[PDB]
Structures are given as C-alpha cells and as structure tokens.
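Okay, here we've got a single chain as structure tokens, the form deposited in one PDB entry, with questions on binding and movement later.
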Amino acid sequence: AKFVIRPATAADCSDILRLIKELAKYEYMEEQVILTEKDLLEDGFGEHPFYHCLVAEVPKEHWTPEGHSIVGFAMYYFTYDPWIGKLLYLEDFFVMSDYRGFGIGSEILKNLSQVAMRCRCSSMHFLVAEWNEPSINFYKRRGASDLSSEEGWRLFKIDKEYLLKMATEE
C-alpha cells in the first residue's frame, strides 16, 4: 500500500477519467459522464487550465487488477468571492476502496491545504449532500461548517439548452 501524491500531468488523463467514472460508478452516475479524455487533456493542460488535479500513485506491485497505478485523486480549481477572498474550491475527492485507510486521503488534504497557503486562499469550499452524514462529520471534524444552512445559500444552475435560447435571442 505504498503511494505518493503528485500533480497530474497530461499523460494522466486516461486515469483521471477512469477515476471519475470509478467515482461515478460508486454512485451509479457512471453513464452521466459525458466527459472525454480529449476534454480532460484540452481543459487541464493548455494555456489556461480549468482545473487542477493531485493524484495518488502506487508502485508496480500494488497496481489495480486492471493494471493501473493511479488509485485516487482530488480535482480542484481557484475561485473568488469579493466578501471572503481568493478560494480553493475542491470539486471531487476520491480514493478507490481497496486503497482507503492507508493515509492517501489525509495526505491529499494536507497538500491541498499547503497549496491553499501558497495561493493565499482564505478558505476551501466544497459541496456535500445533505443526507451524507458520514461525509458531513468527516469534514466537520476538520473544522468545516455548512455555509448553505448557516447563511441561507442555495445552489442553482441554468443548463445548456436554456443558455442557448437566451444567447440566440431574436
């Protein structure tokens, strides 16, 4: 269960999509993943990357039965709030079950925190499902607070089909 945490490089895109799907098919949303390798590659390693990713890599002897060395990841990016400051936004955080409990998640969180201090971020933001009490307590044990409930904020979206109408108006 030896492993190291490191930034993902262009060569890692197949693995990231693999872990996204593995994450999805851990929540049975696997088919919902429209994202392709070309997208991960053009969106993360071009001139202006739209996301950043730290991955967990295991040695040859610990490869997955499928034969893969990356067994976990965290996807994130920086955002900004005029009344909070510059923020590190944690989008996805996942470690394959047969590799959990060996400190991988802990190391990722420590390095994301260090990256936050480097970037002079005032806070780390992320989403948690209201019913997922185990995940909620994990984060509260780390000092997190439910901003949506304490301050009365709801997350909204306007999907592509509506943005298209409005954009092509008249």
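Throughout, we count residues from 1 along the sequence that is shown. Think of the rigid core as the biggest set of C-alphas that the two forms share within 1.5 Å after superposition.
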*Does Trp131, which is modelled here, drop out in at least a third of the other compared PDB entries?*
no
_Coordinates lacking for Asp39, a third or more of other entries_ = no
*Give the stretch, out of 87-95 and 68-76, with the larger mean C-alpha temperature factor in the deposited entry.*
68-76
*So 26-34 or 45-53, which one's hotter by mean CA B-factor in the entry?*
26-34
*From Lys160, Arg18, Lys157, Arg154, pick the one with the largest CA B-factor in the entry?*
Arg18
*Taking the values straight from the PDB record, which of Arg142, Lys110, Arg118, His62 has the highest C-alpha temperature factor?*
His62
*Going by the recorded CA B-factors, say which third of the chain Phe138 sits in, lowest, middle or highest.*
middle
*Going by the recorded CA B-factors, say which third of the chain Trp131 sits in, lowest, middle or highest.*
middle
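This next part talks about the form deposited in another entry, which is not shown.
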*Kindly specify the one residue in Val115, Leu41, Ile136, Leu109 whose Cα moves by 2 Å or more between the shown form and the other one, with superposition done on the rigid core.*
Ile136
*Does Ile158 move its CA by 2 angstroms or more between the shown form and the other one when the core is aligned?*
yes
